[PDB]
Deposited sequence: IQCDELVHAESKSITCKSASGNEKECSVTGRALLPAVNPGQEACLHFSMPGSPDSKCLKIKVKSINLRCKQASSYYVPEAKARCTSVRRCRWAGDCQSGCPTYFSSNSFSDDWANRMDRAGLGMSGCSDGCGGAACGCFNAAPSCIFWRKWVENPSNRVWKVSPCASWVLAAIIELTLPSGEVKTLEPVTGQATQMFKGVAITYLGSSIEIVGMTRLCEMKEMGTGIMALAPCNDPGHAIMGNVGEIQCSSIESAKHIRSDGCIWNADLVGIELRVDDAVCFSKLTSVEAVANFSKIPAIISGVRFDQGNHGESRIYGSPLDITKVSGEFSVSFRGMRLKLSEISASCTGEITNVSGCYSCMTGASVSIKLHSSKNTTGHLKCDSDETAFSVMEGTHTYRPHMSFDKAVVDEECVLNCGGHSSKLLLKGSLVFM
């Protein structure tokens, strides 16, 4: 493959603890993008020459570092009321003073788990013969609005407080052994006689991503990745507008284990009934729409029960290596790529998080990186030797695509035309 990646080569004197000093060769690879691979040939002065040491970055991924978790139900709004004339039942003298948001009337008809999350009260109703009462003073309306979880469906929700880079590299030793591993950052690792490699860290050009949260439906394990509320903040209109501290608490939305804002349910008292209004957000609908694998604005998120993100523009992440070699000379194998191509389609949505699909047929003499810069967006992707079609996603702002793009594949540049039609949503 033989990418040009070694950008410094040095000979330093290194000493242990009199003193024991010797010459160390060192080769610095400041920036290696996913898919790229270097080929390093070591020969001792006596020689011949080894097959090369190959150093490839397979991927540099984003791992979710979680905030505290909580559980959410698929909640449904319910309301009930019963009216008692003054001097009847509890209404001996108007609304009884104790009857408050945790109170339950025995006169109630509907589903009343007395342990469920909700809000009760009692209100004045009309009295007199006109409203079916002997006593003309106001009647009592004992009412409750609450939420239940009839489907027993529950999601564990874990906000991603940040994402952390995690590299996977692939090394081919001159013996031919292939090693695929997450390296230990900053620790020189002896690979074979006289040669050690240090992974010096990963870097990313993507700043301040939007807050996303892992969702896992319990007892089905199916995952989603979507916005959610901070733990303990029951803000209406989001996953997490109801939050529970256990699976069972969420299954039955228990008052003692769940929080909410009671305005999620509206109740309208009428003389002889009540009208219920749901302002609830369907958790199920959000998870349906947000299933993994998903492309969200330049990053593909996928599941291993942990979620990781892969930047789609592979030139926006890189890893750095240092190679030391003792008593050996280094030669680099470096070759340019012959690569040409044409766009065969653009299709999809505009002003959408997925971005449109750009279909690009390329022929390439070796594995390399394709770059596509348009006026709306720009991206890069790995290209395989031979002739193949690639479908990177790119973001456009309008239904009509008709613009100049520049394709750069292995240093060869051409001005392609992108034309197509895209939908909203």
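Residues of the deposited sequence lacking C-alpha coordinates fall in the stretches 1, 19 to 22, 310 to 313, numbered from 1.
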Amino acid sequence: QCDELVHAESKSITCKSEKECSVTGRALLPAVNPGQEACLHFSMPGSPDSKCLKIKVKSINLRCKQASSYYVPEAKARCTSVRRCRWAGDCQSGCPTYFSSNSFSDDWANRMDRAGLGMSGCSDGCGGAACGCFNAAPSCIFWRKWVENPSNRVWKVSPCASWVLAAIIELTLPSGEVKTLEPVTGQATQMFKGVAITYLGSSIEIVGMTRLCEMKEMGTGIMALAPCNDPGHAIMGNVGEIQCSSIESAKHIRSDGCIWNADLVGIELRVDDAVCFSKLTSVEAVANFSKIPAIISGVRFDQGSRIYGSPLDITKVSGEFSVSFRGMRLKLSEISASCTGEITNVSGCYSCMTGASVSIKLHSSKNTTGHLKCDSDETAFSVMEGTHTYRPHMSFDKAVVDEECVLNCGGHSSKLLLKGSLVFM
From here on, numbers count along this sequence of modelled residues.
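Note on 213 to 221 vs 160 to 168: mean CA B-factor is higher in 213 to 221. When the two stretches 398 to 406 and 5 to 13 are set side by side, the higher mean Cα temperature factor goes to 398 to 406. Between the residues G370, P30, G386, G35, it is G386 that shows the highest Cα B-factor in the PDB record.
Looking only at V195, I307, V154, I141, the residue with the top Cα B factor in the deposited structure is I307.
In the PDB entry, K361 places in the highest third of its chain by CA B-factor.
Among all modelled residues in this chain, the alpha-carbon of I296 has a temperature factor (C-alpha) in the middle third. In the deposited entry, the Cα temperature factor of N102 places it in the lowest third of its chain's modelled residues.
Among the modelled residues of its chain, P231 has a C-alpha B-factor that falls in the lowest third, as given in the PDB entry. When all modelled residues of the chain are sorted by CA temperature factor, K51 is found within the highest third.
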